[PDB]
Protein chains: 2
Amino acid sequence: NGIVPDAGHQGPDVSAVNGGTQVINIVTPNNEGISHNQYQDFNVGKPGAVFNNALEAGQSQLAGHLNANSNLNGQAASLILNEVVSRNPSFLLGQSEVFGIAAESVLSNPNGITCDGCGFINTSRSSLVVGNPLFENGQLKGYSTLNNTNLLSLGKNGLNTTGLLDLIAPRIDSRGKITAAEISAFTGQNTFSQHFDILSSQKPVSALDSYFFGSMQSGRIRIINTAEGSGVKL
Amino acid sequence: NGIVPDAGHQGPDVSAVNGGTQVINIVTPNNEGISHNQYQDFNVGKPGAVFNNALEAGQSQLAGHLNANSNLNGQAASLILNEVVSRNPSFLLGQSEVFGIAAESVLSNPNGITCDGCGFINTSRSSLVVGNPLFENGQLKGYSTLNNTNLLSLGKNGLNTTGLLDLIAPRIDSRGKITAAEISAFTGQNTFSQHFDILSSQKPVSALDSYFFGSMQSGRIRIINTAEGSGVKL
């Protein structure tokens with residue numbers, strides 16, 4: 001079980017279907033259209049993971065036939081926010097599919113995220129955030145990598161998506177091919193809006209250096225580092 | 001003589017002052033504030049080059065005391081456009097200084113540009129364009145890398161400026177440290193506005209691959225590649 005939901009009211013139902021593929025019946029979206037899911041563990045293996053954002057039954061790419069997600073109450077999520085609330089880092093070694101209505105997804109894990117041969121299907125924008133979401137009375141305000149020196153790692157087998165990609169972390173170490181419509185990498189200790197506008201920054205006590213090996217197959221690449229003194233190594 | 005002015009009406013007066021440092025009395029700016037200088041050769045050696053954009057005499061960093069540039073007719077250039085009109089590629093191995101009023105500079109050379117330990121002083125924005133400027137009845141309309149497969153090379157000794165940096169070429173091969181306030185790299189076969197907005201693009205017949213080794217010391221990096229199929233290698 002790569003993905004283990006939190007026991008609380010934001011923990012989605014997670015099941016394994018033959019092959020080891022995980023199916024996540026994401027929790028009911030709030031009024032902002034955000035399905036806020038909380039996890040003790042979030043890891044995707046080679047068999048992949050399917051997030052059920054479907055209003056009607058159909059064929060998924062990774063898990064075959066699935067019924068609709070009745071949690072949706074007739075309205076699909078605009079954003080699937082996957083928040084790790086434990087101390088466990090995340091490893092993504094396979095494809096994450098949004099089944100049903102295309103949506104944005106965010107994985108937040110302040111303990112670290114590693115993507116090695118991972119990818120995203122039917123996801124308009126995928127963000128990996130080594131940090132925490134920011135909430136104000138239940139409403140999503142943005143994200144934080146403050147007080148954090150952990151790593152977003154991208155392995156030799158790379159990352160693929162046909163949609164937009166955001167890479168947000170105190171530091172990034174990438175060793176493979178990143179394929180995306182657009183790539184946005186924001187490094188350092190920062191607070192962000194919901195749209196990853198940088199709102200504030202800390203200077204780390206020690207250097208937070210990022211490294212990009214390999215390649216980027218994308219028509220538009222942006223790298224923003226706010227750690228004064230720290231560099232981007234290629 | 002690294003820098004050799006064109007014989008025509010856009011050729012500036014170029015002199016060498018002791019040490020081998022070149023001093024360029026740039027031509028009178030037009031009504032858009034552009035000093036359009038044309039060259040048979042444009043190369044900067046270790047002693048550097050000083051572009052005289054001064055309304056009053058003073059001390060230059062690279063060439064010591066200089067008098068004002070009387071060509072200016074009381075108004076300094078906003079943009080110093082340095083256009084190579086021959087077949088000769090450019091090598092920049094030293095610092096280019098704007099003496100006097102800070103200005104933007106552009107070097108256009110469709111035959112190729114190599115920067116190895118080069119830099120820019122008192123230059124708010126420096127652009128290196130492996131392509132040609134576009135004119136309409138004397139007015140600068142933008143730039144073109146169409147029908148061009150030549151290289152912008154950045155060597156192991158890198159490039160430094162305290163200002164903005166644009167790198168525009170069919171392909172880029174960088175092997176050193178690029179230090180700038182912001183770095184913008186636009187690759188492929190493109191037409192550009194004066195502000196390097198991409199207006200149109202060609203698909204090259206063969207791959208135009210760019211390579212970035214080394215590092216980038218800059219808070220904001222953008223890489224835009226329009227060559228569909230071609231990649232950015234790190």
# chains A, B, ... in the order shown; residues from 1 in each chain; ligands from 1

$ interface_residues --of "chain A" --to "chain B" --cutoff "8 Å" --atoms "only C-alpha atoms" --output "PDB file with N, CA, C and O atoms, in the first residue's frame"
ATOM      1  N   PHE A 212      20.222  20.705 -11.758  1.00  0.00           N
ATOM      2  CA  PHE A 212      19.471  20.137 -12.873  1.00  0.00           C
ATOM      3  C   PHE A 212      20.392  19.451 -13.876  1.00  0.00           C
ATOM      4  O   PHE A 212      21.151  20.110 -14.594  1.00  0.00           O
ATOM      5  N   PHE A 213      20.358  18.127 -13.888  1.00  0.00           N
ATOM      6  CA  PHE A 213      21.072  17.336 -14.876  1.00  0.00           C
ATOM      7  C   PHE A 213      20.054  16.973 -15.945  1.00  0.00           C
ATOM      8  O   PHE A 213      18.895  17.393 -15.876  1.00  0.00           O
ATOM      9  N   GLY A 214      20.489  16.227 -16.946  1.00  0.00           N
ATOM     10  CA  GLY A 214      19.579  15.572 -17.858  1.00  0.00           C
ATOM     11  C   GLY A 214      19.056  16.558 -18.865  1.00  0.00           C
ATOM     12  O   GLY A 214      19.830  17.227 -19.542  1.00  0.00           O
ATOM     13  N   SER A 215      17.738  16.664 -18.959  1.00  0.00           N
ATOM     14  CA  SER A 215      17.157  17.516 -19.978  1.00  0.00           C
ATOM     15  C   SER A 215      15.754  17.957 -19.628  1.00  0.00           C
ATOM     16  O   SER A 215      15.115  17.413 -18.716  1.00  0.00           O
ATOM     17  N   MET A 216      15.295  18.966 -20.352  1.00  0.00           N
ATOM     18  CA  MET A 216      13.938  19.436 -20.216  1.00  0.00           C
ATOM     19  C   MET A 216      13.326  19.552 -21.594  1.00  0.00           C
ATOM     20  O   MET A 216      13.812  20.298 -22.448  1.00  0.00           O
ATOM     21  N   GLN A 217      12.280  18.774 -21.826  1.00  0.00           N
ATOM     22  CA  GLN A 217      11.573  18.819 -23.091  1.00  0.00           C
ATOM     23  C   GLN A 217      10.302  19.617 -22.888  1.00  0.00           C
ATOM     24  O   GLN A 217       9.247  19.081 -22.538  1.00  0.00           O
ATOM     25  N   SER A 218      10.428  20.917 -23.093  1.00  0.00           N
ATOM     26  CA  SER A 218       9.349  21.839 -22.834  1.00  0.00           C
ATOM     27  C   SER A 218       9.631  23.148 -23.539  1.00  0.00           C
ATOM     28  O   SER A 218      10.771  23.619 -23.552  1.00  0.00           O
ATOM     29  N   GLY A 219       8.587  23.743 -24.097  1.00  0.00           N
ATOM     30  CA  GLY A 219       8.732  25.002 -24.804  1.00  0.00           C
ATOM     31  C   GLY A 219       8.914  26.199 -23.890  1.00  0.00           C
ATOM     32  O   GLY A 219       9.346  27.264 -24.338  1.00  0.00           O
ATOM     33  N   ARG A 220       8.583  26.044 -22.611  1.00  0.00           N
ATOM     34  CA  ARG A 220       8.678  27.159 -21.674  1.00  0.00           C
ATOM     35  C   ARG A 220       9.152  26.686 -20.306  1.00  0.00           C
ATOM     36  O   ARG A 220       8.460  25.926 -19.632  1.00  0.00           O
ATOM     37  N   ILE A 221      10.326  27.156 -19.902  1.00  0.00           N
ATOM     38  CA  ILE A 221      10.953  26.781 -18.641  1.00  0.00           C
ATOM     39  C   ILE A 221      11.229  28.029 -17.831  1.00  0.00           C
ATOM     40  O   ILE A 221      11.807  28.984 -18.342  1.00  0.00           O
ATOM     41  N   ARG A 222      10.790  28.044 -16.578  1.00  0.00           N
ATOM     42  CA  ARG A 222      11.100  29.131 -15.663  1.00  0.00           C
ATOM     43  C   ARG A 222      11.685  28.556 -14.392  1.00  0.00           C
ATOM     44  O   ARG A 222      11.139  27.589 -13.832  1.00  0.00           O
ATOM     45  N   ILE A 223      12.800  29.120 -13.949  1.00  0.00           N
ATOM     46  CA  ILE A 223      13.421  28.728 -12.690  1.00  0.00           C
ATOM     47  C   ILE A 223      13.609  29.973 -11.846  1.00  0.00           C
ATOM     48  O   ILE A 223      14.291  30.918 -12.249  1.00  0.00           O
ATOM     49  N   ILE A 224      12.987  29.990 -10.679  1.00  0.00           N
ATOM     50  CA  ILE A 224      13.088  31.134  -9.791  1.00  0.00           C
ATOM     51  C   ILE A 224      13.673  30.665  -8.477  1.00  0.00           C
ATOM     52  O   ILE A 224      13.104  29.794  -7.840  1.00  0.00           O
ATOM     53  N   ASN A 225      14.827  31.212  -8.101  1.00  0.00           N
ATOM     54  CA  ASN A 225      15.482  30.883  -6.839  1.00  0.00           C
ATOM     55  C   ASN A 225      15.541  32.127  -5.967  1.00  0.00           C
ATOM     56  O   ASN A 225      16.067  33.167  -6.376  1.00  0.00           O
ATOM     57  N   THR A 226      14.994  32.037  -4.763  1.00  0.00           N
ATOM     58  CA  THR A 226      14.970  33.208  -3.904  1.00  0.00           C
ATOM     59  C   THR A 226      16.053  33.139  -2.844  1.00  0.00           C
ATOM     60  O   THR A 226      16.213  34.077  -2.061  1.00  0.00           O
ATOM     61  N   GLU A 228      19.131  33.912  -1.682  1.00  0.00           N
ATOM     62  CA  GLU A 228      20.249  34.788  -1.998  1.00  0.00           C
ATOM     63  C   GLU A 228      21.558  34.114  -1.598  1.00  0.00           C
ATOM     64  O   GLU A 228      21.730  33.691  -0.455  1.00  0.00           O
ATOM     65  N   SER A 230      22.631  31.273  -2.935  1.00  0.00           N
ATOM     66  CA  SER A 230      22.538  29.934  -3.503  1.00  0.00           C
ATOM     67  C   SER A 230      22.443  30.005  -5.025  1.00  0.00           C
ATOM     68  O   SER A 230      22.005  31.011  -5.582  1.00  0.00           O
ATOM     69  N   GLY A 231      22.855  28.937  -5.696  1.00  0.00           N
ATOM     70  CA  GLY A 231      22.870  28.932  -7.146  1.00  0.00           C
ATOM     71  C   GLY A 231      22.038  27.837  -7.787  1.00  0.00           C
ATOM     72  O   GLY A 231      21.467  26.978  -7.108  1.00  0.00           O
ATOM     73  N   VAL A 232      21.959  27.890  -9.111  1.00  0.00           N
ATOM     74  CA  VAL A 232      21.327  26.846  -9.905  1.00  0.00           C
ATOM     75  C   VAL A 232      22.418  26.165 -10.726  1.00  0.00           C
ATOM     76  O   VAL A 232      23.019  26.791 -11.598  1.00  0.00           O
ATOM     77  N   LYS A 233      22.698  24.898 -10.431  1.00  0.00           N
ATOM     78  CA  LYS A 233      23.809  24.196 -11.070  1.00  0.00           C
ATOM     79  C   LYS A 233      23.318  23.310 -12.213  1.00  0.00           C
ATOM     80  O   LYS A 233      22.388  22.525 -12.042  1.00  0.00           O
ATOM     81  N   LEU A 234      23.950  23.442 -13.377  1.00  0.00           N
ATOM     82  CA  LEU A 234      23.559  22.686 -14.565  1.00  0.00           C
ATOM     83  C   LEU A 234      24.709  21.813 -15.073  1.00  0.00           C
ATOM     84  O   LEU A 234      24.489  20.722 -15.603  1.00  0.00           O
TER      85      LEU A 234
END

$ atom_distance --atom1 "atom CA of residue A:91" --atom2 "atom CA of residue A:28"
25.4 Å

$ residues_around --residues "residue B:117" --least-positions-apart "3" --cutoff "8 Å" --atoms "only C-alpha atoms" --output "MDAnalysis selection string"
chainID B and resid 92:94 155:160

$ write_last_selection --atoms "C-alpha atoms" --output "mmCIF file, in the first residue's frame"
data_model
loop_
_atom_site.group_PDB
_atom_site.id
_atom_site.type_symbol
_atom_site.label_atom_id
_atom_site.label_comp_id
_atom_site.auth_asym_id
_atom_site.auth_seq_id
_atom_site.Cartn_x
_atom_site.Cartn_y
_atom_site.Cartn_z
ATOM 1 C CA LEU B 92 33.844 38.425 -26.394
ATOM 2 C CA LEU B 93 36.668 37.641 -23.968
ATOM 3 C CA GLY B 94 36.520 40.724 -21.762
ATOM 4 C CA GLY B 155 32.610 29.394 -22.533
ATOM 5 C CA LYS B 156 33.985 27.948 -19.319
ATOM 6 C CA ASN B 157 34.895 31.400 -17.954
ATOM 7 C CA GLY B 158 31.265 32.454 -18.167
ATOM 8 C CA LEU B 159 29.466 35.768 -18.403
ATOM 9 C CA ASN B 160 28.819 38.414 -15.766
#

$ residues_around --residues "residue B:84" --least-positions-apart "3" --cutoff "12 Å" --atoms "only C-alpha atoms" --output "PyMOL selection string"
chain B and resi 3-6+10-11+36-43+81+87-91+106-113+128-133

$ atom_distance --atom1 "atom CA of residue A:83" --atom2 "atom CA of residue A:17"
22.8 Å

$ residues_around --residues "residue B:192" --least-positions-apart "5" --cutoff "12 Å" --atoms "only C-alpha atoms" --output "list in words"
residues 129, 131, 132, 133, 134, 135, 140, 141, 142, 143, 144, 145, 146, 168, 169, 186, 187, 197, 198, 199, 200 and 201 of chain B
